[PDB]
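K.L.:
Give the three-dimensional model of this entry:
(one chain, ligands or ions: 2)
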Amino acid sequence: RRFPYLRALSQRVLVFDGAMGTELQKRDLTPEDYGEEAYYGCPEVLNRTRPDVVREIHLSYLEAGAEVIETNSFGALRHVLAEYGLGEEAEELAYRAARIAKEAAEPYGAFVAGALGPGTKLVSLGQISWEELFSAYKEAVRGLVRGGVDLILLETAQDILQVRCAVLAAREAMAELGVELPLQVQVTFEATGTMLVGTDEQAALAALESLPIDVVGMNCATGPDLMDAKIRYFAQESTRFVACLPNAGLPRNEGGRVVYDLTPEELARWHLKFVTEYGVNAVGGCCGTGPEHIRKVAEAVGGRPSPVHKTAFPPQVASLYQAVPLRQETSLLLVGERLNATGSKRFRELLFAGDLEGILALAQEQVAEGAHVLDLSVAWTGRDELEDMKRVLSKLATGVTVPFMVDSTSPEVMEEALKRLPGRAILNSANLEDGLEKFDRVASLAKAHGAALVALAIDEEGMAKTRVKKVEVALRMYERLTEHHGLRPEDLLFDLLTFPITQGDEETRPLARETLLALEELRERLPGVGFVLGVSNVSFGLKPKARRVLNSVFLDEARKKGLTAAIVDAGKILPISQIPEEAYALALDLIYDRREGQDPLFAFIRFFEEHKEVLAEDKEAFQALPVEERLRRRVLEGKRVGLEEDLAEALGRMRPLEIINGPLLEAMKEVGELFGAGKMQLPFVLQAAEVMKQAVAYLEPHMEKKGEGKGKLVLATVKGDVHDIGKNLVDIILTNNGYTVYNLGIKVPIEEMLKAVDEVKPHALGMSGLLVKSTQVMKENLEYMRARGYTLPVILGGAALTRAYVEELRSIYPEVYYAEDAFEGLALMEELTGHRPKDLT
Ligand code: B12
Ligand SMILES: [Zn+2]
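P.N.:
Residues are numbered from 1 along each chain as shown. Ligands and ions are numbered 1, 2, ... in the order given. Shown next is the structure:
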């Protein structure tokens, strides 16, 4: 109700113009119209000399019934006006083409979208530094706002850091005129699954949630039939309203003019589909479309009631490349802290000379390890961390595939890191260590610069040891953090000191109890929040084996008491399912200091002095276990020393198929059951996956293939998935039986899969999933594959897949199924190949 363009978008669906390319390419402006010999061919040079010609292109879409019009602003930026010195006065031009667009639109009332391009220079590939783009956007955009546009479009953006500096620049441009508006970023896309920079469709939206921009959208995409996947994930998933502008397919240059072949009738179908089915709040197509496209869309599709989108995006964070969900509640998020020179010293060996190529290895090795947010701190004696942080992020921001956390000390890095990082991060600036003043500005920086914080229970006083003062952390910060400083519970972690218990003092001995009772007392009221604990530090000032075991049983009760994330190094925990029965009883009553009969601490230490060979390279009691348990335990701890030899022993006893029917389905499944019960954590499940992954590569060559030319079969996972364990075997028994095969990767969004249909023209296509949300994606595939008129065999499965939300799909598509096992997958391939008795009905 506060803004006319949101009154429009919330009510009903409206249409954007075509662009002025194919339209200025049809006016035959001749070089005197550039006003100078050196200003060749420059739109945004014409705005000075020939206002009447661009007014002619403006009014053409207005006569053809458009409802949103771009200003000319494709060049409104210093570093692209000056590209051949073509006039430094951006503001002028911006108030010029905004006035030219208003002069045309005023009788019609169609919305003036101050509508930029992306500029010629990118932040994220290091073509330019943030100040030189932020300056250009900052000075330009205030002339558009002075020009009285109904909103700004930062449209066609090519990089999320280019979005960030453009949004910061547009905000500081509008705010220094005393205003703000429902501004609209919109993003390009490429068939690689991504923007041009490598940003995927999840990273785009997960980043764009962090921003007050009430509208988001797409632009300069390659046509509706290629935009559909992207428009999907945006329209059904986002809170902020979505809009659509395909460039009419793909270009073809004639006589120096770009021209297309998508028709006004076809663009009427595609918006008629998208607007009521998916809910797209505004529509059009700009580059490559005449005024007839927008007319034929306006008559068919304009004024339809704009459909609602959901009240919440999940708990999320985003790198350049990919999103991550912030709340796991199973396989709790692991946070990597090895990028630390102040709470650790590994970082300090590699980063000392300024060797940035070395700090990136220390970042990426923690993801392979298992941690999917990294925590960074370069602070040290006799070194300026805020200058170091210039150098540090110049490598990390475009190298690391996972989001960031920031243990670095000065809140001035809170600003400089948020001026060199893409996406959405978190920061450990809420250490309440310099008091409430410093905290409220830290919580403001968290969002004034997009999105970045973690609560830490350090404070002006120090490390909360008594719980009343510890829950008074959450009382001081959280409420004003979410409800005065913008980051949701689902945008934050929460962290409790994890101080040493094991020094043996009657101060220290109980303290893991303090953390578990608090943690619980805190999830007690923190739903959605990823509780994050620095597990490594509970066991400090004692022998290292008692560090693995106490850290382990602390962490693995912490999930049951309410944990969802942890700051970890996987070398300094083990799983609670491994722990010897006496050692587990010891470790619990040590975590409680529930002492009777003997003291738990010196009982513990003397337990490890008595049981030295148990939690080591055990030459006997572990070896004496039956191989199915031994493999179960290798899958639980991630034991690999002799893993090759125990799988060789299993393969000596039984055939691979009998082994994969056995422990290489069953023992994993038991690890999965124990994992669902909380008896394990992410890096141990990653050790289980790595065990399988390795094992399948040893099982497949002995289970050797036969036959040739049997058919063409491709396989495909689904959007939002990370698993491909099932997938691999779902494929494998089909790959073993003479069919030509192509494999699609772990997370493939659908237009890549359908391009593989269109290019390969196979006899069969795999679909797949190992988790619940694959089912929801199955229906999204099948409903639209039908709307495109496909008839190809696509096969459907997954740990989760179940006939109850699958046989009903037979209605939507003529190829619904559930091979459960890849041996049925082969029997079903032979049916749809015509080799076997089709019985599928
Ligand atoms: C190993 C594992 C992981 C691995 C996966 C790596 C990998 N590449 O596989 C990793 C550690 C990366 C992982 C990640 C996650 N996981 Co996980 N994972 C597991 C686990 C233990 C085993 C999965 C397994 O491999 N099963 C064995 C394979 C062989 O069996 P299958 O998948 O069922 O395959 C059979 C049939 O399903 C069929 N089939 C499967 N696909 C298809 C397709 C077609 C077309 C056909 C006809 C047949 C078919 O064929 C096979 C028989 O041959 C499961 C537990 C479980 N219940 O299985 C959880 C589990 C799937 N994970 C879970 C969760 C919680 C997560 C994460 C959210 C954890 C996190 N990061 O916080 C993420 C998800 C990340 C993401 N973006 O997707 C939950 C999901 C529950 C839910 N309802 O959402 C599960 C079910 C466990 C649980 N109980 O919490 N996990
Ligand atoms: Zn465009």
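K.L.:
Any idea how many residues pack against residue 357?
P.N.:
The local packing of residue 357 (other Cβ atoms under 10 Å) involves 10 other residues. The way it works is simple: take the backbone N, C-alpha and C, and place the C-beta from them, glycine included.
K.L.:
and it, what helix or strand is that in?
P.N.:
Taking DSSP states H and E as the definition, residue 357 sits inside helix 356-369.
K.L.:
So for that helix, what gets flagged as buried?
P.N.:
Neighbour counts using 16 or more other Cβ atoms under 10 Å place 356, 359-360, 362-364, 366-367, 369 of helix 356-369 among the buried residues.
K.L.:
Tell me how many other residues crowd the closest residue to ligand 1 within the stretch 401-550 of the chain.
P.N.:
Evaluated by Cβ to the nearest ligand atom, the stretch 401-550 of the chain has residue 530 as its residue closest to ligand 1, separated by 9.6 Å. Residue 530 sits with 29 neighbouring residues when counted by other Cβ under 10 Å.
K.L.:
Residue 632 now?
P.N.:
Other residues within reach of residue 632 by the criterion other Cβ under 10 Å amount to 19.
K.L.:
ok, now residue 64?
P.N.:
Around residue 64 there are 20 residues (other Cβ under 10 Å).
K.L.:
Would you check that it makes contact with residue 291?
P.N.:
Yes: Residue 64 is in contact with residue 291 according to Cβ atoms under 8 Å; the separation is 3.3 Å.
K.L.:
circling back: toward the C-terminus from the helix holding residue 357, list the very next helix or strand.
P.N.:
From helix 356-369 onward toward the C-terminus, using DSSP H and E, the following helix or strand is strand 373-377.
K.L.:
and the angle for the helix holding residue 357 with strand 373-377?
P.N.:
Counting by axes from the mean of the first three to the mean of the last three Cα atoms, to 10 degrees, helix 356-369 lies at 140 degrees to strand 373-377.
K.L.:
Nearest to ligand 1: which residue in this protein?
P.N.:
Counting by Cβ to the nearest ligand atom, the chain gets nearest to ligand 1 through residue 797 (1.8 Å).
K.L.:
show me what contacts that residue?
P.N.:
Neighbour list for residue 797: 726, 730, 767-769, 817-820, 825 [criterion: Cβ atoms under 8 Å, 6 or more residues apart in numbering].
K.L.:
Looking at those, spot the one nearest ligand 2.
P.N.:
For the contacts of residue 797, the closest approach to ligand 2 (Cβ to the ion) belongs to residue 767, at 33.5 Å.
K.L.:
The closest one: neighbour count?
P.N.:
Per other Cβ under 10 Å, the neighbour tally for residue 767 reads 27.
K.L.:
from memory it sits against residue 793, does it?
P.N.:
No: taking contact to mean Cβ under 8 Å, the distance of 10.3 Å between residue 767 and residue 793 leaves them out of contact.
K.L.:
for the residue of the stretch 1-150 of the chain found nearest ligand 2, phi and psi?
P.N.:
For the stretch 1-150 of the chain and ligand 2, the shortest gap (Cβ to the ion) falls at residue 19, measuring 5.1 Å. Main-chain dihedrals, residue 19, degrees, to the nearest 10: phi -90, psi -170.
K.L.:
where does the residue of the chain closest to ligand 1 land in three-state SS?
P.N.:
The three-state assignment at residue 797 reads coil, by DSSP: H, G, I helix; E, B strand; the rest coil.
K.L.:
circling back to that earlier point, pull out the buried members of the contacts of residue 797.
P.N.:
Of all the contacts of residue 797 considered here, the ones buried according to neighbour count by 16+ other Cβ under 10 Å are 726, 730, 767-769, 817, 819-820, 825.
K.L.:
what packs against the helix holding residue 357?
P.N.:
Under the contact criterion of 3 or more Cβ pairs under 8 Å, 6 or more residues apart in numbering; DSSP states H and E, helix 356-369 touches strand 333-340, helix 346-350, strand 373-377, helix 385-399.
K.L.:
I'd like those laid out as a markdown table, including mean neighbour count and distance to residue 779.
P.N.:
Below are the helices and strands packed on helix 356-369 laid out as a markdown table (neighbours: other Cβ atoms under 10 Å; distance: least, Cβ to Cβ, whole Å):
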| stretch | mean neighbour count | distance to residue 779 |
| --- | --- | --- |
| strand 333-340 | 25 | 28 |
| helix 346-350 | 16 | 46 |
| strand 373-377 | 25 | 31 |
| helix 385-399 | 18 | 36 |
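K.L.:
can you pull the contacts of residue 44?
P.N.:
72-76, 81, 86, 93, 97.
K.L.:
hmm, back to that, thought residue 286 was touching the residue of the stretch 1-150 of the chain closest to ligand 2, still the case?
P.N.:
Yes: with contact defined as Cβ under 8 Å, residue 19 counts as touching residue 286 (4.1 Å).
K.L.:
Residues that sit against both of those two, list them.
P.N.:
Shared contacts of residue 19 and residue 286, defined by Cβ under 8 Å, 6+ apart, are found at residue 70.
K.L.:
Show me what the strand or helix carrying residue 22 is packed against.
P.N.:
Residue 22 belongs to helix 21-24 when assigned by DSSP H and E. The contact analysis (3+ Cβ pairs under 8 Å, 6+ apart) places helix 21-24 against helix 51-63, strand 257-259.
K.L.:
what comes into contact with it?
P.N.:
Outside helix 21-24, the residues within contact range by Cβ under 8 Å, 6+ apart are 43, 46, 53-54, 57, 60, 257-260, 287-290.
K.L.:
What's the first helix or strand after that helix?
P.N.:
Helix 21-24 is succeeded, C-terminally, by helix 46-49 (DSSP H and E).
K.L.:
Distance from that next one to the middle of the chain?
P.N.:
For helix 46-49, the gap between its own C-alpha mean and the chain's C-alpha mean amounts to 43 Å (Cα atoms, centre = their mean, to the nearest Å).
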